[PDB]
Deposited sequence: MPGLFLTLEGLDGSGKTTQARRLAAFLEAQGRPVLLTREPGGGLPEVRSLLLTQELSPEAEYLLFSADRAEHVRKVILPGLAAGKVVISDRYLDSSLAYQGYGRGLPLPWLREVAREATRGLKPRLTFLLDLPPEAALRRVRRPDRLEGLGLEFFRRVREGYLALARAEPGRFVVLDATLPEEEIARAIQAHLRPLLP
C-alpha cells in the first residue's frame, strides 16, 4: 500500500484535493481508499467535539482515541489490501492544532501517538498553505498555520507545501507531479 495525507487550515482545500487525488488514482486503475479525521475511527468523537469545548489535553486524547481506531480499523486494513489510502487530516493536525495552537508539548504528543498510531506515518503529506484570512481570534489560527510550516520544514522529505490560493486544477496537477515517482 501507500499512505498519503492532506493537511492545512480549515478552508485550505483539503477535502477538495483529497477527492481530486482519489479520482486521479481511480483513472489510473489504482485501488484507493479515502478517509478523514476526525471521525474515521470514532464518529462519536467528531460529533462530541462539534459541541463540547474541553481542555487541550482532553481534546488531544479524544482525537488520539479516534486516531487509534482509525489506524487499526480503516487505514492499516486498506494498506494491507494494497490500496493507496488518503487521509484528509492525520497526526500532523494534532501537532499543529493541539501542539502549536493550544501549546501542548510536542514530545508528549508524539509519545501518546507512538502507540495510538502504531508508528504509522504517511509517505507524503500535502500541506495546503495560506493565511487564515484567505481560508475559503485570528491569533490561534496564525499559530496553527505557522506550526504546520514548522512541521514541514522539519520533515522536508515527507511534506510537500503548496500555495492553497492557486486554482484547484493546478494544485491537483502539482500533487500528481510529486506523487508520480512513488507509484
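- Several segments of the deposited sequence are absent from the coordinates, namely 1-2, 139-150, 198.
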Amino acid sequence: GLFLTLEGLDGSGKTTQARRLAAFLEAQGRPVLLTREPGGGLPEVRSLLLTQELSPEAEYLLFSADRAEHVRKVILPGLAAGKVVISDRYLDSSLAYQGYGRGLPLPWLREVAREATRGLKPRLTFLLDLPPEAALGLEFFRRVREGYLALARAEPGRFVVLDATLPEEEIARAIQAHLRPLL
From here on, numbers count along this sequence of modelled residues.
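The term rigid core refers to the most C-alpha atoms you can superpose between the two forms while keeping them within 1.5 Å.
- Once the rigid core is used to overlay the structures in 6 other deposited structures of this protein, the stretch among 43-51 and 29-37 whose CA atoms lie farther from this form is 43-51.
- The segment moving more, judged by mean Cα distance from this form in 6 other deposited structures of this protein after a core overlay, is 53-61 among 142-150 and 53-61.
- For residue 136, the fraction of other compared entries lacking coordinates, among those that model flanking residues, reaches at least a third.
- For the segment pair 141-149 and 24-32, the entry gives 24-32 the higher mean B-factor, averaged over Cα atoms.
- Mean C-alpha B-factor is higher over 116-124 than over the other stretch, the pair under comparison being 116-124 and 64-72.
- Comparing the listed residues 85, 81, 91, 109, the entry records the largest Cα B-factor for 81.
- Of the candidates 58, 154, 50, 42, it is 50 whose Cα B-factor is highest according to the PDB record.
- Ranked by Cα temperature factor within the chain, residue 160 sits in the middle third according to the deposited record.
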